[PDB]
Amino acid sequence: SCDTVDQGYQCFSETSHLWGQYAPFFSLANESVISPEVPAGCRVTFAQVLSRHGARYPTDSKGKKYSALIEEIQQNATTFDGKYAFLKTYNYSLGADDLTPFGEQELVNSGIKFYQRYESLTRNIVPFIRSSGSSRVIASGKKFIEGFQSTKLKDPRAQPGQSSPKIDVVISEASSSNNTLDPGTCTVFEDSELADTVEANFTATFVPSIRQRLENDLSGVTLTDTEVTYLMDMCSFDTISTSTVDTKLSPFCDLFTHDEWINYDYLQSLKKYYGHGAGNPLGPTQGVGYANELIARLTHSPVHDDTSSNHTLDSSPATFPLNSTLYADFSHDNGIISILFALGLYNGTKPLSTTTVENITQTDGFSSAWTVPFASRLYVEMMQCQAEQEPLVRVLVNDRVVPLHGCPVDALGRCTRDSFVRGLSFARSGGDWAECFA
């Protein structure tokens, strides 16, 4: 009941919604001031979904550190009581890198939801599908296709025995690969340390108090600030790795107060903002490949790009068809942040304060949790309306209508295609990709 196909993960939302990019997808449809519904007189003629992979186990690296930290807490501490008792016996048995059962289901759900929302097209049109080449992203693509195909089969209006939807293109994450979904070739951006600095500066403003209380409660234990954030991370990973994802919040969660979760969440928005978003000088530049691919799709014309795009892939109709109506792309949070910013979507957002928490009003809709949670989705729609000769573009971020920037937006969040594309002059010029090397 608190976890559904349509509304996502609304369980314990006072905690679970502040885990940033470790938050399980939760729908923001009700938080949308503008209605997500197709307006009257309007028909959707195009839909692209860009999705993150689903909930996962910790990376092997982080998982070794979590697991070693907890042993140390077990070897050293003398008092494990009250909220701390569970820690004496806690037996680290999380897996590593792979999607969890819960994460698998999120993407099945996401396929169901995309199939249903665009049913008057998904009934007879097989989406053209791409995925960044990482096992968890690929597996996610296939779970999404699973749920989509299940729903098509049950739909009385679906044209049956069409080819299956499949992952048409797996884009390489190798270091030499031009990957629009998650670029790794911008040498100077790859070397950036802005995020780390910001992370440390902000963690120093709220973590030491927590560190202190933990050392106080667990006599014999001594912790770094970084270690405290590991036990904060465990609250998400120990909640959504288990069978009890829907019924029980991890015990890690209750070692920290709501106000500390607020800082945690904000910390997570900072890492993403200065790591991959407008805060980082080459962050939005990581999104221009995809933005140029998006424009080719919207205008049914050849990709004009010389940043992250692979030309062998994009100049062939087989691996980059221009008229497929429906498209699905699967990737990582960091690439999705860059793309969100390269598309102008958060150009109402002032650079985030590195010293003080900012609520979702101050940041004008930007947060890690609101943009790239586990199984995040972005939908780009093109629609044709009664009073207008031109197609109108509309964008939703996790079910929230996000008003376009760079073009004359109407009160429904939309701009004409031609003006939206013209607005994307930063991506059209290649953004700051020339600086990847000087």
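The first residue of the shown sequence is 1; numbering continues from there.
Mean CA B-factor, 270 to 278 versus 67 to 75: the higher value falls on 67 to 75.
Taking the mean C-alpha B-factor of each stretch as recorded, 131 to 139 and 76 to 84 are not equal, and the higher mean is that of 76 to 84. Sorting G147, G184, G344, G161 by the CA temperature factor given in the entry leaves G161 at the top. Residues shown: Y118, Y230, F102, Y90. Highest C-alpha temperature factor in the entry: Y90. Sort the modelled residues of the chain by CA B factor and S315 lands in the middle third. Among the modelled residues of its chain, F12 has a C-alpha B-factor that falls in the highest third, as given in the PDB entry. In the PDB entry, a CA B factor belonging to the lowest third of its chain's modelled residues is recorded for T371.
Ranked by C-alpha B-factor against the other modelled residues of its chain, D329 falls in the lowest third. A296: CA B factor lies in the lowest third for its chain, per the PDB record.
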